[PDB]
Chemist: 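What follows is a structure written as structure tokens; I'll ask about it next.
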Protein chains: 2
Amino acid sequence: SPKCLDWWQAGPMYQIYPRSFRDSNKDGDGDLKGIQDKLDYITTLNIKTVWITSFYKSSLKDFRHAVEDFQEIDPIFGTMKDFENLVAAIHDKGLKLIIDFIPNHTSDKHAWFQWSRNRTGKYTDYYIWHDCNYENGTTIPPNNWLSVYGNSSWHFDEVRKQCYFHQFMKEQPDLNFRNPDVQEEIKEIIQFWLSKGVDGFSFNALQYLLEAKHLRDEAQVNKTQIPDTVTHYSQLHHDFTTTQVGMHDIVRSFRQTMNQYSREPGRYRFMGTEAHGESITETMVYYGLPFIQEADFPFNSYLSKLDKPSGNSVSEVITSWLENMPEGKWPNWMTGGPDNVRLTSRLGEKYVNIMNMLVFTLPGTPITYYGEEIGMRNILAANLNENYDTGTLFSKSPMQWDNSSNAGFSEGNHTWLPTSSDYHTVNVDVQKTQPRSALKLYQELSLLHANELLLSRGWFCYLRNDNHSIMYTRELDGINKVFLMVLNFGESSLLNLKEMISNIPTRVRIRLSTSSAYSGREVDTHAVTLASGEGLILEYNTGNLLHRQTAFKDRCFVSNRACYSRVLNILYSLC
Amino acid sequence: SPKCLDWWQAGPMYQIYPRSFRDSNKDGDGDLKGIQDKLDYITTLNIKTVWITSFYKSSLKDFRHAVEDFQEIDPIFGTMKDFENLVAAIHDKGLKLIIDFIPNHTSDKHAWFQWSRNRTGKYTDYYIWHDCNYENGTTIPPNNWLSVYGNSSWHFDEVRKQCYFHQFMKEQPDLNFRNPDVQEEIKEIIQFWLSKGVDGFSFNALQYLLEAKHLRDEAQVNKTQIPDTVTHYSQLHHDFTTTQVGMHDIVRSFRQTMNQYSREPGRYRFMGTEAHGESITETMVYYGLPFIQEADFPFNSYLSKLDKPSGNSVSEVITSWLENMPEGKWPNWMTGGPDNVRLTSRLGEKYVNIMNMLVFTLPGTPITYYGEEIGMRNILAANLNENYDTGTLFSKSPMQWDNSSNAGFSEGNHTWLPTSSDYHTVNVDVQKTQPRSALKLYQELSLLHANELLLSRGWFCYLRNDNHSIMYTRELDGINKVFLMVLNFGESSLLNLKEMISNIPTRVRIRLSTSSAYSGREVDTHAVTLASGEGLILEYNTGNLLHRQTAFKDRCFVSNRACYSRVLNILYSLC
Ligand SMILES: *[C@@H]1O[C@H](CO)[C@@H](O[C@@H]2O[C@H](CO)[C@@H](O)[C@H](O)[C@H]2NC(C)=O)[C@H](O)[C@H]1NC(C)=O
Ligand SMILES: *[C@@H]1O[C@H](CO)[C@@H](O[C@@H]2O[C@H](CO)[C@@H](O)[C@H](O)[C@H]2NC(C)=O)[C@H](O)[C@H]1NC(C)=O
Ligand SMILES: *[C@@H]1O[C@H](CO)[C@@H](O[C@@H]2O[C@H](CO)[C@@H](O)[C@H](O)[C@H]2NC(C)=O)[C@H](O)[C@H]1NC(C)=O
Ligand SMILES: *[C@@H]1O[C@H](CO)[C@@H](O[C@@H]2O[C@H](CO)[C@@H](O)[C@H](O)[C@H]2NC(C)=O)[C@H](O)[C@H]1NC(C)=O
Ligand SMILES: *[C@@H]1O[C@H](CO)[C@@H](O)[C@H](O)[C@H]1NC(C)=O
Ligand SMILES: *[C@@H]1O[C@H](CO)[C@@H](O)[C@H](O)[C@H]1NC(C)=O
Ligand SMILES: *[C@@H]1O[C@H](CO)[C@@H](O)[C@H](O)[C@H]1NC(C)=O
Ligand SMILES: *[C@@H]1O[C@H](CO)[C@@H](O)[C@H](O)[C@H]1NC(C)=O
Ligand SMILES: *[C@@H]1O[C@H](CO)[C@@H](O)[C@H](O)[C@H]1NC(C)=O
Ligand SMILES: *[C@@H]1O[C@H](CO)[C@@H](O)[C@H](O)[C@H]1NC(C)=O
Ligand SMILES: *[C@@H]1O[C@H](CO)[C@@H](O)[C@H](O)[C@H]1NC(C)=O
Ligand SMILES: *[C@@H]1O[C@H](CO)[C@@H](O)[C@H](O)[C@H]1NC(C)=O
Ligand SMILES: [Ca+2]
Ligand SMILES: [Ca+2]
């Protein structure tokens, strides 16, 4: 008898950017009270977890953040009581809530830093201070290290008369995780939010926690370049400021703090991490070891990087994640996020449905960014008098609920960001009346994913794939039924499935289709037609399963194998 | 009720260089059968653990080693049966046996390497192979990395037509610990020796297990130096070939393999490591974490580095180890070893006794190198027709047992190394007849250390120290007795102890003294005389202990605090 799937394994996650979900008090900024009013809509999506990005008291709301108090709410989002009412409303709905945590830096207005730049007490080495020659407005940094946004990562502080370190903007001084006073502070921040009932954290920017103690220069990517023109982050090799040797042991103490709150059954606290962008073998380290426990999964954002809808492009993201993942770990598929271009603008409107069908039929936890379920798109321009990253700001446009003032988001006259011009046709109210929309298909896949027992605990055998088409099967032993997903990223195709499967009848029934005209229509596997961005979930009966054979041992995947008993009507792991 | 001390915590360790202990078959090389004949002498020293350095089948017996078979014995030392008879003899004596393990490299005659240089099967990537331009006997290495003994660490292999990596000599190709086939091989070597009854391992050269995958050049210590004259290891910064990010996780899997054999009580398997030479904060990482288990202790060889007998020199080694050590860990004190100059030649013959008294009264496990108990010294010259390191060879001279042929070591005409000329006066037989010798005092400290309950579980308060004198106290709460160790590394001293302690009577009795004339003589703490290399263990009665006060909270140390009950007659941890 195998162990039940945890709540973070069983249902999709829904990532919300709280300043753009729903506005309650007519001021143009979303708030925690507005998320509580729309909890009913989240349960129609069969969502399991709500993931709210940062809402702490912040002096900078971008550039990975500048938090002035890790135990407070920013005023625009509400108060501490408004958050406690939201958590009670989320739990009584049967949902879970995970929140963003960034432990790397603070704001230069944090009380810890105003005490540190004065050498007040034990706060003197909460940050990384160093002597640097400064005069006439010019400073000589202790080394050639560059900030992620590009300039010397050392900044002179006139009060302390030294230089402090920052990986990000100068408003974001880096905390010193080599001393144990700072790790006790972060330990107390975790315990404060886990006490309020938060079901887990998403830790971001963990690869920047530690830097080399010797403070030696980095090696330039171009060896023969004049050292005074090195100002771009991509012009250096980052061997001393990223993923130092003691970094994963700090992450493991975060996990051990969260184990104190995850003992009682039903209240396991989730831990997730932002993946290393340029390396997938460094990402799989966060999965932990057979004897050392770490993150529950690192968030896989490699599907949200693709800017060309190709068959070989998607196929490569899938196999590379499942090949490198440790043996019995849980995959996850994130097709969009706050800092990448929305799916409709990146790939095209004809690919919205095919992409919802992909992440819901792959093995693991599908993670959904708000607006992706209705085919939302990037806004073309904005006018913001606040410090934001204009390269990534346009995917945070307010949610489109109906055809009304500000797409039914604010009920005021102004919103912090403009809504898309096509909210008259693309909105939640309109899409849930028409029979086959982007929102309707999402609700059919979310419901299918919930109660199938074949998509949640079934094997995954990835069949061959020419470009422009992806095929794979989900199957469990004692079920006598398999799902066959055919996804066509090409211009068209009329392909023969009897050649490819060799385990398929001549008449199979269509369980679901993105075009949605094939409601329950049967098809003949001799000649199946796929119209350039269409996907089918075929369902039929068979005994000879694909993973039993020796030809497919290499391309079948399962997290924890468990056969099914038609007699006893239970999963059992002995098989 | 606190947990009992393990066998590696309770008694001293005795390090034996097996080729120089005792020769059985007249061939001039010590063997495992010769160690079994002298087990009686090891129990007169009250030794708990025997530590035998490497004896595997080796093509190179120095330069950290070149092993041709990790599951065989070198012929000069005996056979597999001779080892099984030695382990049975060691256990039936009540002793433990730990052995050396080096997992970094092999010999170029290993079967794994003769299969790897031919690309035979899965052995093709057991080692680190790379393409390099070779012609006319000259080779262009893949980067500027240097071997520890100084030259390019890449060597061209004519059969494979590539370059292989070696941190040490070219006869020692480095294993590839990034693939899992090699870590399964080392896992099976550990299980093979733990099955034979070996009670633990000493892992050496663990900081060299991993190297950077990118193979980028190191940074020169002298930035403006011509790159073709960089041939010394000390001319580079070793950021890519030493202590890479995944190294401690490989050590932790070694520990987890040894936990399968350490479950039954009385048979815990010890794990020790060779310390990082130039850094003490990197050494304390091997102690592990509160939640991740690693080495039981890293071997502290900082006492064996001192080449000047100074009071401030010894005092600095002691405080730096106890300050940086994690909270409840076990210290260890190694005053000599196979690769450093013996204690008599490094400091002087007048400092042999004072150094035995130091490591036996400090808190932790004292580790003894064979010959140190009788005041052995380095030989002046040798004539070896084998590849050895002449800089460190002279501390491996054969053990001096009596005034006979070859100091009673071989019973043959030749020995692999000559014995010291002064074996007529310095030998075990002579020293155990005269009343107060180096061997006699060692047996009194070893016996005192065994059954005292104050030196094994007592606090350690390090009192003030002018140069030329070291004072410290060992005390437990419910015992009503304290030991006061006065060690004089200066030229002479007549010091007043009533000024320094303020808890001491005017008449205290001498428990032990290196000069040994003070057998049971009482002394007056008004004027105590110490003759330039003398040490006293003073013993008296008091109630107001030194660690109870607030002035000494900073300079008292204990591994696991536990008071003593005069009524119940047990240690209890609630105090
Ligand atoms: C580093 O910081 C400076 C701070 O001013 C940035 O400034 C640019 O400076 C050049 C001339 O020195 C101007 O032509 C640019 O207009 C400045 N930038 C802006 C946005 O006004 C500089 O860009 C930074 N280096 C980076 C980001 O690589
Ligand atoms: C690395 O940088 C050097 C110098 O910046 C580049 O070499 C050329 O140097 C001359 C100097 O007189 C410049 O006029 C050229 O513009 C430089 N070339 C380029 C492409 O910038 C060298 O090419 C750089 N290496 C690269 C770009 O790989
Ligand atoms: C690197 O390896 C070479 C291999 O020969 C070592 O050789 C020395 O070479 C110089 C001239 O090239 C001779 O004068 C020396 O006598 C050679 N050494 C010996 C021991 O004979 C060289 O020393 C090595 N580099 C080191 C060890 O730093
Ligand atoms: C680093 O190396 C350079 C060059 O090897 C040293 O600079 C001097 O360079 C001239 C070149 O004409 C030599 O004649 C001198 O002998 C070099 N000086 C020395 C001390 O070797 C530079 O000094 C070195 N840096 C050090 C040793 O810190
Ligand atoms: C700055 O320093 C002064 C004196 O050094 C101190 O009185 C003041 O409280 C400090 N400011 C802060 C914000 O700690
Ligand atoms: C003052 O600033 C100028 C900038 O042109 C600089 O060259 C000079 O060294 C500075 N001198 C002092 C004393 O700060
Ligand atoms: C949507 O809103 C517009 C303006 O508010 C209105 O004219 C239109 O009738 C609405 N749509 C429907 C279906 O009622
Ligand atoms: C919003 O602004 C409009 C004019 O811009 C004004 O007529 C209206 O009263 C405002 N609404 C609120 C709630 O203040
Ligand atoms: C060397 O290679 C040949 C053929 O490639 C093979 O027959 C031989 O066994 C190899 N030698 C060793 C020691 O494996
Ligand atoms: C041969 O060796 C000489 C060494 O003087 C070298 O200069 C030359 O490049 C080499 N040529 C070939 C073809 O190996
Ligand atoms: C030690 O050995 C020498 C030579 O074997 C011998 O002359 C001497 O008497 C021995 N010492 C004692 C105390 O017997
Ligand atoms: C040792 O060598 C000597 C001469 O060097 C010889 O007389 C003696 O017999 C040898 N001993 C043995 C055991 O071979
Ligand atoms: Ca940092
Ligand atoms: Ca290695």
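Each chain gets a letter, A, B and so on, in the order its sequence line appears, and its residues count up from 1. Atom set for the values below is all heavy atoms of this structure, side chains included, hydrogens, waters and symmetry mates excluded. Just so you know, ligand 1 is whichever comes first in the structure, and atom 1 is the first atom listed for that ligand.
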Chemist: Are there over 12 heavy-atom neighbours, none belonging to B:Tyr134, within less than 6.0 Å of that residue's OH?
Modeler: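 Atom OH in B:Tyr134 is packed in, count exceeds 12.
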
Chemist: Do A:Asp157 and A:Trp129 have side-chain N/O donor and acceptor atoms under 3.5 Å apart?
Modeler: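 No, because no side-chain N or O of A:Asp157 sits under 3.5 Å from a partner of the opposite role on A:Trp129.
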
Chemist: Is it possible for you to check whether B:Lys109 lies under 6.0 Å from the centre of the six-membered ring of B:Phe113, through NZ or CZ, and within 45° of that ring's axis?
Modeler: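 No; the conditions do not both hold, so B:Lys109 does not lie above the ring face of B:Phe113.
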
Chemist: Looking at A:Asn136, which atoms of ligand 6 are within less than 4.0 Å of one of its heavy atoms?
Modeler: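 Checking each atom against A:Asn136, I get 1 (C), 2 (O), 3 (C), 8 (C), 10 (C), 11 (N), 12 (C), 14 (O).
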
Chemist: Do we see a donor-acceptor contact under 3.5 Å between the side chains of B:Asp174 and B:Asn104?
Modeler: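 There is such a pair (donor and acceptor under 3.5 Å, judged by atom type) between the side chains of B:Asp174 and B:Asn104.
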
Chemist: Are there any N/O pairs under 3.5 Å between ligand 9 and the protein, and if so, what are their distances?
Modeler:
{"residue": "ligand 9", "atom": "2 (O)", "partner": "B:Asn118", "partner atom": "OD1", "Å": "2.7"}
{"residue": "ligand 9", "atom": "2 (O)", "partner": "B:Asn118", "partner atom": "ND2", "Å": "2.5"}
{"residue": "ligand 9", "atom": "11 (N)", "partner": "B:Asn118", "partner atom": "ND2", "Å": "2.8"}

Chemist: At less than 4.0 angstrom from any non-hydrogen atom of A:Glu135, what atoms of ligand 6 do you find?
Modeler: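 Near A:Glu135, meaning under 4.0 Å from one of its heavy atoms, ligand 6 has 12 (C), 13 (C), 14 (O).
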
Chemist: Looking at A:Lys223, I'd like to know if its NZ atom is crowded, meaning that more than 12 non-hydrogen atoms belonging to other residues, nucleotides or ligands lie closer than 6.0 Å.
Modeler: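 Enclosed.
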
Chemist: Step through it carefully: locate the ring centre of B:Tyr127, locate the ring centre of B:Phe165, and say whether they are under 6.0 Å apart.
Modeler: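 No; B:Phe165 has its ring centre 6.0 Å or more from that of B:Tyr127.
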
Chemist: What pairs with B:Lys93 under salt bridge (charged side-chain N to carboxylate O under 4.0 Å, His left out), at least two apart in sequence or on another chain?
Modeler: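 Here the qualifying residues are B:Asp40.
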
Chemist: Against heavy atoms of B:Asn403, which atoms of ligand 11 measure under 4.0 Å?
Modeler: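 Heavy-atom distances to B:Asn403 below 4.0 Å select 1 (C), 2 (O), 3 (C), 5 (O), 8 (C), 10 (C), 11 (N), 12 (C).
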
